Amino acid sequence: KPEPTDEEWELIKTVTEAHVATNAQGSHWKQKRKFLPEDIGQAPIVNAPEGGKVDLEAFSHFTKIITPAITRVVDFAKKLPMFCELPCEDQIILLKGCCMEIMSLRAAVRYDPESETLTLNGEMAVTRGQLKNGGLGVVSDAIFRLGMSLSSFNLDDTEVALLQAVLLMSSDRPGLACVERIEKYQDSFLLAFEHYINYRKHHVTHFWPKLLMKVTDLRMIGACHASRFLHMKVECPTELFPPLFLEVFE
């Protein structure tokens, strides 16, 4: 199995550092985290015939720490030379299209089977039900499943970073100008990623193929996020929408 080249190790060091420099609570999150009160995000005893509405209370708790998560995704991308080479127009499109994907990933990787929750921003542990009633709905199930399936993969910072790099450089986003260039960047990240994986030596058959499918799951989650956001603008009042949160979809 071909391992990463000197140049790729250089690239790997750039992404890993960029990710670690933007990944909250890089200093033990499962020790300083705080569990969201049980009473918050509790399944409705009545359940409206509509189809389940968004728990405005839980939603408030989620959006109160959403901005930092969004800005962090932007800082990560700006720490990558390749990204900084892209036009302003392209950068915005790529960020708005991978924002939720990368965040969902960051949360998924922080899945704790013992408490069966996700540590958002590495400080808030939420249950599958709390995140759902919080406004993500079925999306919560998608993210939780992802986290459960990623356990056996034991992804390190370099693999999560590279994963984020691949999600960031999506040349299939609508409106992109440097379609070709961006794809060259992605292929570079993918190549370095795969090579790094051979170096890591994971104990799981068809690791590479299975991981790529996860990129596909993130794409689905990101899309469902946009649709889920539409219901939020309908049920959730404006006062609960942070500055960057709304622009990420508008």
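Heads up: residue numbers just count along the shown sequence, starting at 1.
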Given 17 to 25 and 238 to 246, the range whose Cα B-factors average higher in the PDB entry: 238 to 246
Out of 126 to 134 and 103 to 111, which one has CA B-factors that are higher on average in the deposited record? 126 to 134
Choose from 190, 213, 70, 48 the residue with the greatest Cα B-factor as stated in the PDB record. 48
Based on the entry's values, in what third of the chain does the Cα temperature factor of residue 185 lie: lowest, middle or highest? middle
Taking the entry's C-alpha B-factors for this chain, is residue 221 in the lowest, middle or highest third? lowest
